[PDB]
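First to last, the sequence lines map onto chains A and B. My numbering puts the first residue of the first sequence at 1, with every later residue one more than the last. My numbering puts the first residue of the second sequence at 1, with every later residue one more than the last. Beta carbons: idealized from backbone N, C-alpha and C, even for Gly. A short worksheet on the structure shown next.
There are 2 protein chains.
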Amino acid sequence: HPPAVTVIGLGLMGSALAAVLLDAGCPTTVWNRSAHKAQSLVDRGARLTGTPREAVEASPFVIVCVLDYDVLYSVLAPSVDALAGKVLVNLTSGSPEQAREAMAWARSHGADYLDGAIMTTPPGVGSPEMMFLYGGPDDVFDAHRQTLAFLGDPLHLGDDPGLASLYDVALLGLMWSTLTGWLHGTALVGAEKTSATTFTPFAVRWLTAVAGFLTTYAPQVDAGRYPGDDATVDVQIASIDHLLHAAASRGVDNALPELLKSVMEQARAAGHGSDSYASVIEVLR
Amino acid sequence: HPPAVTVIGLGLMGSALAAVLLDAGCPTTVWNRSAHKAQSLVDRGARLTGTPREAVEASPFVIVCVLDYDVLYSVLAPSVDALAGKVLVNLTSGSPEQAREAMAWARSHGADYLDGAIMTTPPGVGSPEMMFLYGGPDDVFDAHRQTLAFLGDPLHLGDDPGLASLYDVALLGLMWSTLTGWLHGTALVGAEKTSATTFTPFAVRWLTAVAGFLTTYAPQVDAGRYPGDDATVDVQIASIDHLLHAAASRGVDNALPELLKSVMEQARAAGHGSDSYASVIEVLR
Ligand SMILES: NC(=O)c1ccc[n+]([C@@H]2O[C@H](COP(=O)([O-])OP(=O)(O)OC[C@H]3O[C@@H](n4cnc5c(N)ncnc54)[C@H](OP(=O)(O)O)[C@@H]3O)[C@@H](O)[C@H]2O)c1
Ligand SMILES: NC(=O)c1ccc[n+]([C@@H]2O[C@H](COP(=O)([O-])OP(=O)(O)OC[C@H]3O[C@@H](n4cnc5c(N)ncnc54)[C@H](OP(=O)(O)O)[C@@H]3O)[C@@H](O)[C@H]2O)c1
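The structure is reproduced here in structure tokens:
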């Protein structure tokens, strides 16, 4: 017994959301500035409207997934009178401050609001292993959980809508850091004719052990105390110089590991040479 | 039946190697510049020698795990006459160039040689899930695999000893990048009273999906072609600005995500705004 659902925004991610809702048996209505992106969805049973307003009017449950929140206000400004009694689930990326403003704005026009963060690329939409993080009122999340569950694993962080976006940017920073370090290392072994496809399964496996380091170091970060029982900042400064040397000789730009070395040196200068790497957080605050 | 084994270097890692060998039933001999670090090992059945030479003479199988390769040459130079017929397994961190030199040097004194990289902190030594990467001759690795298996999962990368260290520095760079991005995000959510121990399980889970991004992007890196089918560099530049804004307002140093943004901007300027993030490798060569 799924409800009628509308998706506003049919980009890479918006499309995928609409396709999953469609396959889950929802009557699916869509809108996008560029109508051509709807074509494949329409062929499969989605209704395309000419304007956002008609799309909003067509369903009690409205998802937005556009570039940013300015665009959201821009495309929905003409529909504000039609929002009353609706639920608006905003899966657009933004900052905590934008998320809290958007909730106030939606409530001012009589709509229920949840702010969400999609922790997957488009192929994983629909997979219950992929996290979707939500902030907003309990009641709204509980009433709509079953529909959200179509898209992935819906995790309600709490009543503050900014929480979703807070976790999101923190998690994205983690992702960009990992991707770039991976790419740097891949360039390095690649200069020796080791293919990325050969190296990467070792990287993937290694990330399991690295995730274990995160688990170990969490209670250290909360305590502000970083015992060097496993490996020390000083030892890590010595080994990063091997990375820098190897990369420099193979034509790989070292901005990233230079910065990481500097951050370790900063922590050492602050008295953390014999502490664990988690002590590096002392020089990020 | 396990062989007699010597460990040279009883730091955080060297200790752990010796403790595992001891528990596996090996007659275990040890040496360290600072003898007091041997005490707990001696109490449990390890023999401590006064010099490295006596330690080398005591076993057919010698592991070295000291700060760096200069220290290795320094402590082993006086034992070169005792190396003949031995196997020397060097688990010291270093560069590929150092690894190849060390093999030539060990061969010149009649020893078999393997170069290794420990992909775990000390607690994981002994666990068959933890990767130990090896480079050096097939025959040597095959003859000694059973002893190496006591320490972890021994993976022979091939005949070139520099391969172990090549993968190692690349993998360490990945680890440092991940840890620092994790810590930056942890600082961020921590300003809002979300503990590291609350945030980290989300980070760990997220890393599974990120590892999947690495798998997808590997064939793109090898091809030099980066289709923007999932998510684009331009969209990622927009979302990293939400991270920068959120972090700046909460007293978190933004050197890291500023560099990551710059790297994405560099890729965009080179024509990769519509490509996947893997295109960023184009700007690291
Ligand atoms: N792709 C991912 O893996 C992923 C994952 C998690 C979160 N997200 C987030 O989801 C959101 C959308 O991302 P996407 O990857 O789907 O990006 P995308 O393919 O570039 O789509 C951007 C969407 O915004 C619309 N748009 C942009 N400017 C507009 C304007 N001035 N007026 C009306 N519509 C406008 C686009 O319409 P046109 O089609 O007419 O240009 C399109 O629907 C972003 O906040 C992104 O950070 C993406
Ligand atoms: N800990 C880890 O998690 C880990 C993981 C993988 C690889 N590694 C690598 O293992 C190696 C040793 O690491 P560790 O973590 O055991 O660090 P550590 O606890 O600082 O050990 C350093 C070792 O080197 C010796 N040493 C240093 N300078 C010396 C000198 N001038 N003469 C003689 N001996 C000297 C030390 O002897 P004293 O005790 O007398 O100072 C000690 O045995 C490094 O290459 C490191 O990158 C470590």
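Between residue 68/B and residue 238/A, the gap from beta carbon to beta carbon is short of 9 Å. Checking the 8 Å criterion, the Cβ of residue 37/B is within range of a heavy atom belonging to ligand 2. In the three-state scheme derived from DSSP, where H, G and I count as helix and E and B as strand, residue 187/B is classed as helix. Take the alpha-carbon of residue 283/B and the one of residue 111/A: they are about 45 Å apart. Distance from the C-beta of residue 78/A to the nearest heavy atom of ligand 1 is not below 8 Å.
Residue-level contact by beta carbon fails for residue 116/B and chain A, as no gap is shorter than 9 Å. Contact between residue 131/A and residue 153/A is confirmed by a C-beta separation of about 6 Å, below the 8 Å threshold. Between residue 265/B and chain A, the shortest Cβ-Cβ separation is not below 9 Å.
According to the DSSP assignment, residue 281/A belongs to no beta strand (DSSP E), since it is labelled neither H nor E. For the pair residue 277/B and residue 213/B, the CB atoms are nearer than the 9 Å cut-off. Here residue 1/A is exposed: its Cβ has fewer than 16 other Cβ atoms, across all protein chains shown, within 10 Å. Within 8 Å of the C-beta of residue 210/A there is not a single heavy atom belonging to ligand 2. Where residue 17/B is concerned, the enclosing alpha helix (DSSP H) starts and stops at 12-23.
At least one beta carbon of chain B lies nearer than 9 Å to the beta carbon of residue 285/A. Under the three-state reduction of DSSP output, residue 117/B falls in the strand class. For the 9 Å CB-CB criterion, residue 260/B and residue 177/A form a contact. Straight-line spacing of the CA atoms in residue 61/B and residue 24/B works out to 15 Å. Relative to ligand 1, even the nearest heavy atom lies 8 Å or more away from the CB of residue 116/B. For residue 224/A, the three-state secondary structure derived from DSSP is coil. Around the beta-carbon of residue 128/A, fewer than 16 other beta-carbon atoms lie within 10 Å, marking it exposed.
A direct Cα-Cα distance of roughly 9 Å separates residue 281/B from residue 252/A. At least one heavy atom of ligand 2 is found less than 8 Å from the C-beta of residue 234/A. Residue 154/B: member of the beta strand (DSSP E) spanning 153-158, first to last residue. DSSP, reduced to helix, strand and coil, places residue 68/A outside both helices and strands of the structure shown, so it counts as coil. Cα atoms of residue 181/A and residue 99/B: separation of roughly 23 Å, rounded to the nearest angstrom. DSSP places residue 141/A inside the alpha helix (DSSP H), whose first and last residues are 138-148.
In this structure, the CA atom of residue 78/A is about 15 Å from the CA atom of residue 49/A. Within the DSSP secondary-structure output, residue 90/A pairs in a beta bridge with 64/A and 115/A. Shown in chain order are the members of the region 189-211 of chain A whose Cβ falls below 9 Å from a Cβ of chain B: 189, 190, 191, 192, 194, 195, 196, 197, 198, 199, 200, 201, 202, 203, 204, 205, 206, 207, 208, 209, 210 and 211.
With contacts defined as CB atoms closer than 9 Å, residue 37/B and residue 56/B fail to qualify as a contacting pair. Identification of residues in the region 240-272 of chain A having a C-beta nearer than 7 Å to some C-beta of chain B yields 240, 242, 243, 245, 246, 251, 252, 253, 255, 256, 257, 259, 260 and 263, given in sequence order.
A distance criterion of 8 Å places the beta-carbon of residue 285/A beyond contact range of ligand 2, judged by its closest non-hydrogen atom.
Sixteen is the threshold: since fewer than 16 other Cβ atoms of the shown chains lie within 10 Å of the Cβ of residue 215/B, the residue is exposed. Of all alpha-carbon atoms in 184/A, 246/A and 171/A, the one lying nearest the alpha-carbon of residue 184/B is that of 171/A.
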